[PDB]
Structure formats: C-alpha cells, structure tokens
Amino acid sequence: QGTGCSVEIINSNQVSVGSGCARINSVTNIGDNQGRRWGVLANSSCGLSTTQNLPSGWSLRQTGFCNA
C-alpha cells in the first residue's frame, strides 16, 4: 500500500487540470493549471475533499495508492 492517494483535479469537461500524491490523514498542497493552490484532505479510504469549494462542475478523483 501507499502513504497517500493519487489525486486528480477534474474540470467540468472531465479533463484533469492538476495532480499529486495526497498524504493520508493530511492536507496536501496541489495546484491546478490556472495556478490556484488547493488543500486536499485524504483519509485512509482515499476519500478526498478540499479546504475550499472547488469550482462548479469540478471534482476530485483518486486513482490509487501513491508514495509522496
């Protein structure tokens, strides 16, 4: 297994605009392609959320375990 969850930030056209390894039980700083920085929370099930609301129609996706 991994110390984190691989995260993609998905825009409203279902295209990824940023990615990184979100450490489990932490907030990880992950950017999008507009330069915005997101604080991504991850839990041990690789459920994911952000400290601020994503843009309307955007989403987060976890693609598997990662090591940061």
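Start at 1 with the first residue shown and count on from there.
When the C-alpha B-factors of 59-67 and 1-9 are averaged, 1-9 comes out higher.
Residue 44: CA B factor lies in the highest third for its chain, per the PDB record. In the PDB entry, a CA B factor belonging to the middle third of its chain's modelled residues is recorded for residue 15. Per the deposited record, the Cα B-factor of residue 54 falls in the highest third when ranked against the other modelled residues of its chain.
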